[PDB]
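Trainee: Residue numbers for the sequence shown follow the entry's author numbering, so the first one is 30 and each next one is one higher.
Don't be surprised by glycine CBs; every beta carbon is placed ideally from N, CA and C.
Pasting a structure below so you can have a look.
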Amino acid sequence: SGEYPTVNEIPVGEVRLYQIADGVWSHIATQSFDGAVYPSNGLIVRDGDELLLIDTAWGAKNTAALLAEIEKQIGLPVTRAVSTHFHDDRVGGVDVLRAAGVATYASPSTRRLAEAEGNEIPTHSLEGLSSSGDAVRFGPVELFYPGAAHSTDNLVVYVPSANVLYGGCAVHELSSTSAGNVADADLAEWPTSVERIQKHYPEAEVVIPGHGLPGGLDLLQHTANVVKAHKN
Ligand SMILES: C[C@@H](c1cccc2c(-c3ccc(CS(C)(=O)=O)c(F)c3)c(C(=O)O)[nH]c12)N1CC(CN2CC(C)(N)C2)OC1=O
Ligand SMILES: [Zn+2]
Ligand SMILES: [Zn+2]
Numbered sequence: 030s031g032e033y034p035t036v037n038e039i040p041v042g043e044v045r046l047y048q049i050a051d052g053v054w055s056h057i058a059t060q061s062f063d064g065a066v067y068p069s070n071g072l073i074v075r076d077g078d079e080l081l082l083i084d085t086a087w088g089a090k091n092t093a094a095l096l097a098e099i100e101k102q103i104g105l106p107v108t109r110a111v112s113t114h115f116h117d118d119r120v121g122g123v124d125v126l127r128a129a130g131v132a133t134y135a136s137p138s139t140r141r142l143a144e145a146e147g148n149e150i151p152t153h154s155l156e157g158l159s160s161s162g163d164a165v166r167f168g169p170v171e172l173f174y175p176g177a178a179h180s181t182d183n184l185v186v187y188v189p190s191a192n193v194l195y196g197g198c199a200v201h202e203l204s205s206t207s208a209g210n211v212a213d214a215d216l217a218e219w220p221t222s223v224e225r226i227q228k229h230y231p232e233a234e235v236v237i238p239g240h241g242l243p244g245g246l247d248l249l250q251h252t253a254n255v256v257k258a259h260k261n
């Protein structure tokens, strides 16, 4: 009823949307992994009379429910999707998207890692993002590669019209104690990549993590703090 949704407010197999700003929503879904339940976020950005989707809802059935919730709450067609790294919470559901007519995109690094690991593979390669600090425009957003952090391929997304910074899994929520799933992370490089984000987007008003509650710019410094602590 207005609060940011958690696993405890999202019915089973369900997706919820949350209005972040004019023409900007996050999507929230729940998934089980190795016997524990986790929330995860993605982004929806209005693109004229179409929508740009950032990240799947972590699974085929969750992503089908995401498309149904978008039709219910927004009613504009999702025409393109970007996955911000290769893990299942970002690409799981790309096959559903592709079969619904959505053009799916990711960096060549993400596509290679997804293919190697047996995850679903976005169709189109996003060039111009292979060097740390690189940025490219994609519809109503800017895509930014900050360097290795949560994964070597992780991208962040900025919505300039609303100063919304979607950090993906390279950014953690304020309540977080540890650095999440670090299986593919570069803990030594992560603080430097977060510094790049801070330097590039100092006017960000809302910061959205890959999992958990959005907040302000404080999420960036907090993420660096928890990552250095985990590393130590
Ligand atoms: C599918 C993904 C995955 C699954 C389950 C949980 C997470 C979490 C996570 C965990 C805890 C917290 C609370 S907290 C910050 O601690 O307070 C949290 F907010 C996020 C993250 C993340 O943090 O982004 N990602 C997760 N996976 C899988 C994976 C394993 N790897 C792939 C392989 C073969 N390549 C082996 O690595 C990954 O990221
Ligand atoms: Zn991940
Ligand atoms: Zn994640």
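#1: Between the alpha carbons of residue 256 and residue 216, how many angstroms are there, rounded?
#2: Since residue 56 sits in a beta bridge, which residues does DSSP pair it with?
#3: Could you tell me which of 182, 184, 189, 150 sits nearest to residue 169, measuring between CA atoms?
#4: By DSSP's criteria, residue 171 is part of a beta bridge. Which residues make up the other side?
#5: For a test of the three-state rule: what should DSSP assign to residue 153, helix, strand or coil?
#6: Determine the direct distance from the alpha carbon of residue 47 to that of residue 245, and round the result to whole angstroms.
#7: Grouping DSSP H, G and I as helix and E and B as strand, with all else coil, what is residue 76?
#8: How many angstroms separate the CA atom of residue 172 from the CA atom of residue 224?
#9: Starting from the Cα of residue 262, find the closest Cα among 230, 97, 50 and give me that residue.
#10: Drop a sphere of 10 angstroms on the beta-carbon of residue 202, count the other beta-carbons inside from all chains shown, and report buried for 16 or more, exposed for fewer.
#11: For residue 180, collect the residues of the same chain with a Cβ closer than 6 Å to its Cβ; drop the 5 residues on either side in sequence, then sort them by chain order.
#12: Looking only at DSSP bridge pairs, what is residue 61 linked to?
Mentor: Here's the rundown:
#1: Using only the alpha carbons, I get a separation of about 6 Å.
#2: Residue pairing for residue 56: DSSP places it in a beta bridge opposite 46, 71.
#3: Out of 182, 184, 189, 150, 189 has the C-alpha closest to the C-alpha of residue 169.
#4: Beta-bridge pairing links residue 171 to 166, 187.
#5: Residue 153 falls in the strand class under three-state DSSP.
#6: Cα to Cα, the separation comes out at about 16 Å.
#7: If DSSP states are grouped into helix, strand and coil, residue 76 belongs with the strands.
#8: Distance between the alpha carbons of residue 172 and residue 224: 16 Å.
#9: Given that the chain is displayed from residue 30 to residue 261, the structure contains no residue 262 and the question cannot be resolved.
#10: By the neighbour-count criterion, in which a residue is buried when 16 or more other Cβ atoms sit within 10 angstroms of its Cβ, residue 202 is buried.
#11: By the criterion of a C-beta distance shorter than 6 Å, residue 180 is surrounded in its chain by 114, 213, once the five residues flanking it on both sides are discounted.
#12: DSSP, once it has assigned bridges, lists 66 as partnering residue 61.
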